[PDB]
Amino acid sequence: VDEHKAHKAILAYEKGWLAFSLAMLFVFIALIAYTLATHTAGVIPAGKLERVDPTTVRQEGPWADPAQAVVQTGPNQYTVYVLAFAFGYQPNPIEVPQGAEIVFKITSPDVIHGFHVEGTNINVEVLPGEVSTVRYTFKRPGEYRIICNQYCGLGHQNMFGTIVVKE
């Protein structure tokens, strides 16, 4: 009857929708796995625990002199030691060459900050006592703004930095 016919027709089409749903979600999983096998995956933070003492990071070791923060570690590779703190970034500016692979090693002496580079996929949380490590190659020279996008106290809306990519 009407009700019983409707119920059978509804469940029949619902089975089709659920198979289609599964198929679509599987295609998204394949397209995500593709990103993980390209250069675009270097913005995923390193899974390794790299512990540091936030009380001494401004006094001793690689964050203590911002003017020696940019270190050549490879023929076309630079490692940059970045401090995110209440409320700014050091060095400022960060100066790097176009076309090289940049390894950012970011930490905090105080609270959690964000490190979001406008125009890029660099978008990483910065935890005190931990090093956030991400990799990016800048294709275009010019000035890129760093935005703090994790609430870090009353100075948060003013916490900006600068990357200068040199030809």
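Start at 1 and count along the sequence shown; that's the residue number.
Visitor: Which has higher Cα B-factors on average according to the PDB entry: 155 to 163 or 5 to 13?
Guide: Averaging CA B-factors over each stretch, the winner is 5 to 13.
Visitor: Quick one: higher average CA temperature factor, 53 to 61 or 103 to 111?
Guide: The deposited B-factors put 53 to 61 ahead on the C-alpha mean.
Visitor: Lowest, middle or highest third of the chain for the C-alpha temperature factor of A41?
Guide: Within its chain, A41 is a highest-third residue by C-alpha B-factor, going by the deposited values.
Visitor: Going by the entry, which third of its chain does the Cα temperature factor of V96 land in?
Guide: Middle third, going by the recorded CA B-factors of the chain.
Visitor: So where's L22 on the chain's Cα temperature factor ranking, which third?
Guide: Ranked within chain, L22 CA B lands in the highest tercile.
Visitor: State the tercile, meaning the lowest, middle or highest third, of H116 with respect to the CA B-factors recorded for its chain.
Guide: It falls in the bottom third of the chain.
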